């Protein structure tokens, strides 16, 4: 029951290191590193393992995928993506991992692929309504939401949702502001879009979506602007991990309580990290 901060960029180097947070002690420790440096990857938890999907190793945008076992503290590569992808969103739904959009080293992608651990294979599914990289992906009410991002020319406020039963995407209500490089969490049946970049400014604002009314509203802002952060939900709180404040890559970490609508800093990472993946396991 810990938060893992996977890879990322420390301000000078793309990282293969991985660290884990225990809320009960408010402490981070390094664990086994990735097989390859990875930033801008997606991170999913499925079958008790953490999957680190694609990203950028400092020279190449990756199609490789690797999985972590906490019980042995080891990573192993699994089947690669159909295409290199960095800046994608990763969701877990119906026992599959979805890799949504991203950038293949040349083009921002509208394609979406899904992984099955039982057969260790990827297949493409229905593509997004628009290319999107640097988006946030949430799973709520059995649907996947692709929030914001960048279409290759503009930072987006649009949001779309996927139904696996029909293999169809549809647009839903847009964000209050364009946002790319944001973090997206699900808590209390709401989707939170945390921070990011609006096309001109790195943002400390945070908004939340209600599916029952198809509306967004702003909530309490972060203590600092953050883009390229990781967001986790643990113990009924949202954690915003690292990122970039517009000038510096951050090792700070803050946590949000919906019941009081307030953020507070917690223990910082061992290293500054932006474009990391964050998982709870």
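Residue numbers count along the first chain shown, from 1.
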Between 54, 230, 225, 37, which carries the biggest CA temperature factor in the record? 230
Using the B-factor values recorded in the entry, state whether the Cα atom of residue 111 falls in the lowest, middle or highest third among the modelled residues of its chain. lowest
Would you mind checking where the Cα B-factor of residue 12 ranks among the modelled residues of its chain, as the lowest, middle or highest third? highest
Mind checking which third residue 50 falls in for C-alpha B-factor across the chain? lowest
Lowest, middle or highest third: where is residue 19 by C-alpha B factor in its chain? lowest
Comparing residue 72 with the other modelled residues of its chain, is its CA B-factor in the lowest, middle or highest third? highest
